[PDB]
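Notes follow once the structure below has been shown.
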Amino acid sequence: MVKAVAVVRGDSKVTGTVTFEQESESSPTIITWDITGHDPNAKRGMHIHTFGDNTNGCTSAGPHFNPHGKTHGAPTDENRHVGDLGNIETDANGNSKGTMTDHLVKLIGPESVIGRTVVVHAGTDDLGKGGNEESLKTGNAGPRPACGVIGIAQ
Amino acid sequence: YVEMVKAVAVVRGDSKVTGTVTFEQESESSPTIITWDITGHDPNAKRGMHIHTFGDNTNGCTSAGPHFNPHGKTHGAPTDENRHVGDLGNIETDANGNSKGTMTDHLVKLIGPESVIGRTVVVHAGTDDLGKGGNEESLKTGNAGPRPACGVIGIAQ
Amino acid sequence: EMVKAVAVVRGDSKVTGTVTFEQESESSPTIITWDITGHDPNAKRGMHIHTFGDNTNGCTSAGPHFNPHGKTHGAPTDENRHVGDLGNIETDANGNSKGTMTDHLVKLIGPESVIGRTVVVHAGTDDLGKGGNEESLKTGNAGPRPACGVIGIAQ
Amino acid sequence: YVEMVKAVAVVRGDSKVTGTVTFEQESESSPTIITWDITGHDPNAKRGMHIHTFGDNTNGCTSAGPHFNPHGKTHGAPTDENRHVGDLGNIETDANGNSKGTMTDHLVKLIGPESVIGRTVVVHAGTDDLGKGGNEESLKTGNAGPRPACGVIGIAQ
Amino acid sequence: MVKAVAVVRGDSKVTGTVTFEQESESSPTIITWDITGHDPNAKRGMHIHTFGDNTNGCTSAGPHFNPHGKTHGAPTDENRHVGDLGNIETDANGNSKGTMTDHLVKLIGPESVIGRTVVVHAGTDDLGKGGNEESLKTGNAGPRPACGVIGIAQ
Amino acid sequence: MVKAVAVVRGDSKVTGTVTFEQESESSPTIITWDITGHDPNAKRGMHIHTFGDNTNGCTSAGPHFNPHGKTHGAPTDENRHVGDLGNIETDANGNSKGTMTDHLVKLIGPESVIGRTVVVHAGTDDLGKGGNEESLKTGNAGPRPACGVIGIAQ
Amino acid sequence: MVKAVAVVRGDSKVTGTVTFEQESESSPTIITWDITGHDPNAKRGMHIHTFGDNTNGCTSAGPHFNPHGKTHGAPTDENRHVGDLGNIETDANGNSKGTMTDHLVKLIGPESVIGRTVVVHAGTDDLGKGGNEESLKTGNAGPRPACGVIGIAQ
Amino acid sequence: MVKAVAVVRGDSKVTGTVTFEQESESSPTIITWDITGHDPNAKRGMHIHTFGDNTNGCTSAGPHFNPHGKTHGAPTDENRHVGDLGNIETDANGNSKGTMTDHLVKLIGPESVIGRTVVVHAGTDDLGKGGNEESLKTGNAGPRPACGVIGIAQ
Ligand SMILES: [Cu+2]
Ligand SMILES: [Cu+2]
Ligand SMILES: [Cu+2]
Ligand SMILES: [Cu+2]
Ligand code: NA
Ligand code: NA
Ligand code: NA
Ligand code: NA
Ligand code: NA
Ligand code: NA
Ligand code: NA
Ligand code: NA
Ligand code: NA
Ligand code: NA
Ligand code: NA
Ligand code: NA
Ligand code: NA
Ligand code: NA
Ligand code: NA
Ligand SMILES: [Zn+2]
Ligand SMILES: [Zn+2]
Ligand SMILES: [Zn+2]
Ligand SMILES: [Zn+2]
Ligand SMILES: [Zn+2]
Ligand SMILES: [Zn+2]
Ligand SMILES: [Zn+2]
Ligand SMILES: [Zn+2]
């Protein structure tokens, strides 16, 4: 029913598209990514950050979207940010195509991620198991080579 | 909980036109204040600026689709009753190709079912004829020409 | 070919007069001449061809602007106009208006013929579809219909 | 050239509900007169009848899509200002499950850009709550239930 | 980018869908059909009839749609009805799928076929070369096993 | 079988005709109005009032015809007066032409409205949903610019 | 646990007190009102508006408190604003005493109404059933004779 | 950096403030209005009139400020009076809050509007497109329910 898309780019060669589909507010959101230009054979963090603000590049996206005030985790963790989409897997060409079904992310209602930002990170998300404050906030997934605002799609 | 919403579109595309268009709305019942700060356009020009329906940049600014038009009107001036929500008229560029301005709009909302959050600001290459051009295109797009820059309206802090 | 028509307009008003039409062939422009009296002085007044040559209820039964191409209301020179959109006539200090113009959409010959339809002289100014409201794109906000006449075949 | 338009939807579907819904409009400025002659429905019942956006029957009455809503309103009663064009309320069936009636509607048009020619009449399985149900579904569909019969609104002689 | 579709059926086993796409009023209309249940290895007339009226089955569709007042012909003829889509070719299974680009049929404007009827006929259209009055009216294409009103598609 | 008509006029420029047709006592009554001279782009109450008494203008029509002792409602409401015909819609010229099928109004039998009064009101009928006692009586539809007695038409 | 109170007044003779108690965040909030000086024998809307801002009288309270982004409805509706508390009933003297719980209004947690405003309106809330756009925003309950900021009570 | 303000009032309940700020003579002037007490849901003309003279109420403000000798127009028009600020939009409560960027109005230099008058009109400005002499002079925006002299604000 509701469809959204982020076209990500940044101060890097990482580009691509992240789409979102959600039938109703209570339904899972299906998230597809199609990323190119990343490091090969890598695990790279991908998160929804709070602000769809690109005024100062991907930095103004702010932190991970966390309406429920949880610690950073894996998508499979109960204690995760809404925006915690884990690591995407890049192939030998630095590309990553994938789909996930997310049970926290909404396109509908007060916690909608429409208008927020998808960030593809430079590093691996430690999924909140890094044992430091930074892990519980960001997963230590490194800088932000590409981001894009989640917009309404046809 | 905060009712106030701030949003920003950072616009760019296949051109030198860049800049930011900010939106602030205090409540669903209030007008939205729009501020633009555009650079790199033609000098001394009137250039159409509109909210287009889709925040989809997969095919560049073309995939933003048409003007945001939830109320099913024809294209018009911002002051017209018969206008698209997305019809913000023209911005004025100075001798350097820059445009800074601010205005409220009474149809553009950040809050509620007609929210433009996640939709697209397009800065056009030409002048919006404000639906007064006398042809069908005028009542669709204002004949404002192509889309040198666009950006998705995203939530700001 | 060489078709001539005339509407003698009157109504619930002092506005009266004659509007003549001539058309050489179906594709030719129709030459329109009006000679109107009894209107407001120094005024711009809409003059349109409305769809029906029905005067059963005064000028109201003439219906809307003649619009066989399914367009919105506009100026005569607009692409996006009704066939019946003849714009405004100008009245002089005495409330009189004489003028002539051709129109490239109005036909007396063929399927879109206006013979048997109605000329309406309106009470107000046609905004030529530029008024910025929905009514502008229907009627031009030209107001009521002080005079009308069915377009009839002339000798 | 004739301005008058007559149209008819001949409705059927995965049910015993059949019949005809005719539309007549004298001019773009006039209301449209709607006449229905429905058979095979539940007896002594109120049943929603709406114009849905698409005249697409490729997957049965589901392909007609939602209520025709060019003006971007929520679902309502025909007499409501805030209604879909397609909101024709309920028809009444008699003791035999038949419904014959006629009314004009002031939003449904056969002429002009909001023409319903080529769209779909759906006769619903349940009662239209006229947008007064207090839930989001009421403001979308009137909670009128599934679509036992539909037909494309076609031009009549 | 107007799209239309007719779903055809009638007092026969002939069913299927006929779609129409037209970019603008002056652009050609692309027509696609997907018909099943017809005679095998046959040429079968397919026309747009004037009325989208199914009150009396396919008979109520009236004659071929002919706003320009021409005689019946092949789609390639200058002198044809707007509704003259010629013959479709059915395969060994009685099925016919095809696409044509039609330079007269419109979905936009006063001659729009939206709300009119596609009829699939029982016989072969003689394309107005039958030499009788009926040929110049109907192509002698026989009865009307299936029809459907051309409706607006998403 | 029975046809009736009311020609409405009063202390105003509102005039017009309201016609009634009923095949049999249990059949719905079809009501058609053709009203001119009202406010433009407005919703205006129209009701059948009990008395076809115009001795003191539209006031002596008395209240809404309510043989079944209901509260004031919309025509669609189960709780409505027989005379509750709801709002008519006026166009940009203050004209209203419409037709409705009414399942309570009768021209035949003991609850016949023949000889009663159609009133066209000056304001909008709140349909019994105004939340005060007057709403449940009159719909708060304002004064009575025009009325006419429902007379036998054939 | 948490108790709160609004003392309402404004550009009118309407005054009074609206108290709130909530045992836990998920518990219903118990609301009691004791209002004086209103119209007699009337239904009058009473709502929690978003802002506890009285800088420009009751207008500064803004719209109905609507953190879930719904339309205006009755308290019992699924589709309602958090602040939609419907109508209070005034007696023959213009007074209204009553108590009810509400299942959406909270004093505890992120949707707390503490520091927001109770508005007693001049007219009747149509509960979102008015059939116009304003009904789905305000209930058409009219102006704001009294309001008060919801403050922590002992 | 000049700031100005007009506090408008008159023979009406229309009141409010109109502020002006301009960085330099060639810069646009930002104009903000906060108007209350007007007709609801309306378009109302707002203009700068030549004279900051209130000796005869808003009438002594004279005509639209027109130092460049143009016809009356919309703010967006080449052919407009300096004082032509077009229509403001009032909400359901008759309030209008807005901001505009005006490319002709100056607070600095010989065409300064400091000491001139903001008038809020009773009717809609036809923006010079009413087709009569008055339209090209005043926009036919009607009488002057409120006005105020533009005064230096810092
Ligand atoms: Cu991140
Ligand atoms: Cu045929
Ligand atoms: Cu009454
Ligand atoms: Cu003025
Ligand atoms: Na998951
Ligand atoms: Na949500
Ligand atoms: Na990181
Ligand atoms: Na911003
Ligand atoms: Na707004
Ligand atoms: Na919001
Ligand atoms: Na006369
Ligand atoms: Na008309
Ligand atoms: Na029909
Ligand atoms: Na109905
Ligand atoms: Na052949
Ligand atoms: Na009728
Ligand atoms: Na009824
Ligand atoms: Na809640
Ligand atoms: Na005063
Ligand atoms: Zn996180
Ligand atoms: Zn537009
Ligand atoms: Zn016209
Ligand atoms: Zn609906
Ligand atoms: Zn043919
Ligand atoms: Zn009643
Ligand atoms: Zn509410
Ligand atoms: Zn002026």
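Throughout, a chain's letter reflects where its sequence line sits, starting with A, and its residues are numbered from 1. Just the heavy atoms: all of them, side chains too, but no hydrogens, waters or symmetry mates, feed the values below.
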Would you say [X] has more than 12 foreign heavy atoms packed within less than 6.0 Å of its [atom1]?
{"X": "B:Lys132", "atom1": "NZ", "result": "yes"}
{"X": "B:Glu81", "atom1": "CD", "result": "no"}
{"X": "B:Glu3", "atom1": "CD", "result": "yes"}

Would you say [Y] and [X] are linked by a side-chain donor-acceptor pair, where the criterion is simply a distance under 3.5 Å?
{"X": "G:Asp126", "Y": "G:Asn140", "result": "yes"}
{"X": "B:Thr74", "Y": "B:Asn82", "result": "yes"}
{"X": "G:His47", "Y": "G:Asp84", "result": "no"}
{"X": "H:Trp33", "Y": "H:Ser96", "result": "yes"}
{"X": "H:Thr99", "Y": "B:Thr104", "result": "no"}
{"X": "B:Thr127", "Y": "B:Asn90", "result": "no"}
{"X": "G:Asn66", "Y": "G:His72", "result": "no"}

Side chains of [X] and [Y], heavy atoms from C-beta outward: is any pair under 4.5 Å?
{"X": "B:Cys150", "Y": "B:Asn57", "answer": "yes"}
{"X": "G:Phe51", "Y": "G:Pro63", "answer": "yes"}
{"X": "A:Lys106", "Y": "A:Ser112", "answer": "no"}
{"X": "G:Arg80", "Y": "G:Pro75", "answer": "yes"}
{"X": "H:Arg44", "Y": "H:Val14", "answer": "no"}
{"X": "G:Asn132", "Y": "D:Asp80", "answer": "no"}
{"X": "B:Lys6", "Y": "B:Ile33", "answer": "no"}
{"X": "B:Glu114", "Y": "B:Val85", "answer": "no"}

Kindly compute the distance separating [atom1] ([X]) from [atom2] ([Y]), expressed to the nearest 0.5 Å.
{"X": "B:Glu28", "Y": "B:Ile111", "atom1": "CD", "atom2": "CD1", "value": "6.5 Å"}
{"X": "A:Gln154", "Y": "B:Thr58", "atom1": "CD", "atom2": "OG1", "value": "10.5 Å"}
{"X": "B:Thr20", "Y": "B:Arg12", "atom1": "OG1", "atom2": "CZ", "value": "14.5 Å"}
{"X": "H:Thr29", "Y": "H:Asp102", "atom1": "OG1", "atom2": "CG", "value": "6.5 Å"}

message: Evaluate B:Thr93 against B:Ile38 for side-chain contact (heavy atoms from CB on, under 4.5 Å), listing each step before the verdict.
response: CA-CA 8 Å; B:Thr93 64; B:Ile38 305 298; 5.9 Å; no
Side-chain ion pair, [X] and [Y], N-O less than 4.0 Å:
{"X": "G:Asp53", "Y": "G:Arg116", "result": "no"}
{"X": "B:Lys46", "Y": "B:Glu92", "result": "yes"}
{"X": "A:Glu21", "Y": "A:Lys3", "result": "yes"}

- request: Would you check, one step at a time, whether the test side-chain contact (heavy atoms from CB on, under 4.5 Å) holds for A:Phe20 with A:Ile48?
  value: CA-CA 12 Å; A:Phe20 306 74; A:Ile48 303 175; 3.9 Å; yes
query: Looking only at heavy atoms, what is the nearest atom pair of B:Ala9 and B:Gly151, with distance?
result: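 Here B:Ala9 and B:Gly151 meet closest at CB-O, 3.6 Å.
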- request: Evaluate the ring planes of G:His64 and G:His81, with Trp represented by its six-membered ring, and classify them as parallel (under 30°), tilted (30 to 60°) or perpendicular (over 60°).
  value: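 Ring orientation of G:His64 relative to G:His81: perpendicular.
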query: Run the side-chain contact (heavy atoms from CB on, under 4.5 Å) check on H:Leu127 and B:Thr79 step by step: do they pass?
result: CA-CA 10 Å; H:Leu127 310 180; B:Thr79 191; 4.2 Å; yes
From CA spacing to verdict: side-chain contact (heavy atoms from CB on, under 4.5 Å), B:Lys73, C:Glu134: CA-CA 8 Å; B:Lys73 309 301 184 185; C:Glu134 289 172 2; 2.5 Å; yes
